[PDB]
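J.:
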Amino acid sequence: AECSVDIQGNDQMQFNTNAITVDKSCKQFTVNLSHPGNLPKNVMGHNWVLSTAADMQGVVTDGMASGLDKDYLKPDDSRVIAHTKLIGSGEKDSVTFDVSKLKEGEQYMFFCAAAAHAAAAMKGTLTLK
Ligand SMILES: [Cu+]
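In short: position in the sequence shown from 1, add 6, done, that's our numbering.
1) Taking only the alpha-carbon atoms, compute the straight-line gap between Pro-81 and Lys-135 and give it to the nearest angstrom.
2) Is the closest heavy atom of ligand 1 to the C-beta of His-123 under 6 angstroms?
3) Are there 16 or more other CB atoms within 10 angstroms of the CB of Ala-119, so buried, or fewer, so exposed?
4) Whole angstroms is fine: what's the gap from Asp-17's alpha carbon to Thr-133's?
5) In terms of residues, what are the limits of the alpha helix (DSSP H) holding residue 1?
6) Can you tell which of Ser-57, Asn-22, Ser-31, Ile-26 has its C-alpha closest to the C-alpha of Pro-42?
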């Protein structure tokens, strides 16, 4: 079982992966997010957020509306399965989630909810294997 992934969000508005695999034997799964570069949170903060494919657009839209001081996430958003905080350069965060929260046949997406980042393709698939 490989139950973790290290991901980077950079000063150029990209993640260094667009596909995460979760071994289904993993009871829990960990995402270790870091931010190469030197842009601070208020300019190019990133987070890592997991939802169903169908819920992504909404989480993103509501997140942008919620604003930077709420880490670009609507408080108590039930569409959000797991998430890191918003981080700037030299910062890091991790999130660990229950792998049983991922159901068969469902499509999952990860993304950064910061204003316009996901549109710029800071997103990818998350898949149970
Ligand atoms: Cu971002």
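Don't be surprised by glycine CBs; every beta carbon is placed ideally from N, CA and C.
T.: So, from the data block:
1) Taken atom to atom, the span from the alpha-carbon of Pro-81 to that of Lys-135 is near 31 angstroms.
2) For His-123, the Cβ falls inside the 6 angstroms cut-off from some heavy atom of ligand 1.
3) The residue in question, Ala-119, is buried, as its Cβ has 16 or more Cβ neighbours within 10 Å.
4) The alpha-carbon atoms of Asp-17 and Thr-133 are separated by roughly 27 angstroms.
5) The question about residue 1 has no answer here: the residues shown for the chain are numbered 7 through 135.
6) Distance check between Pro-42 and each of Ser-57, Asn-22, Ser-31, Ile-26 places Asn-22 closest, using alpha-carbon atoms only.
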